[PDB]
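**Q** the data below comprise the sequence and an experimental structure of the protein.
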Amino acid sequence: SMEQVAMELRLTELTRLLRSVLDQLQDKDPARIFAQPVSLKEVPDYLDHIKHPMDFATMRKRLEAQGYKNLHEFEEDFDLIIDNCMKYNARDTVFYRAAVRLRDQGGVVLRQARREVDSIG
């Protein structure tokens, strides 16, 4: 149908906007602490601590399969990245501190993205 196509153009455009959002958030992580999944070879107990792992490469795979239906779902995944780190790592670690900084800096980007998603529909 013509509607399904219209729907698919909006998903594609949302994907377009979320790709730009993802690139902006990932620039706030110059150390690349959040770039890839925590290694289960290097942290074999990780899943005993963290039940839903997340990282920027995994978000990117979901993104490119148009797997985010709305901004809320995308934010949920970003928030997992931050929250998993803040639980697994202690407060006095470069990891925890990197997550705090990513959260603080990402807030600005996410604030405007919500306005853009509401605005452009």
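**A** Done, it's in. Numbers count the residues shown, from 1 in each chain.

**Q** quick one, what contacts the nearest residue to residue 50 once chain neighbours are set aside?
**A** Of all residues not flanking residue 50 in the chain, residue 84 sits nearest, at 4.8 Å (C-beta to C-beta, 6 or more residues apart in numbering). From N, CA and C alone the C-beta is placed, and that goes for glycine too. Shown in contact with residue 84 (C-beta atoms under 8 Å, 6 or more residues apart in numbering): 50, 52-54.

**Q** contacts only, for residue 76.
**A** So residue 76 contacts nothing (C-beta under 8 Å, 6+ apart).

**Q** and it, what element?
**A** Using DSSP states H and E, the element containing residue 76 is helix 71-88.

**Q** which SSE is immediately downstream of that helix?
**A** Moving toward the C-terminus from helix 71-88, the next helix or strand (DSSP H and E) is helix 94-119.

**Q** any buried residues in that following helix, and which?
**A** Buried residues in helix 94-119, counted by 16 or more other C-beta atoms under 10 Å: 95-96, 98-99, 102-103, 106, 109-110, 113, 117.

**Q** understood, closing this out.
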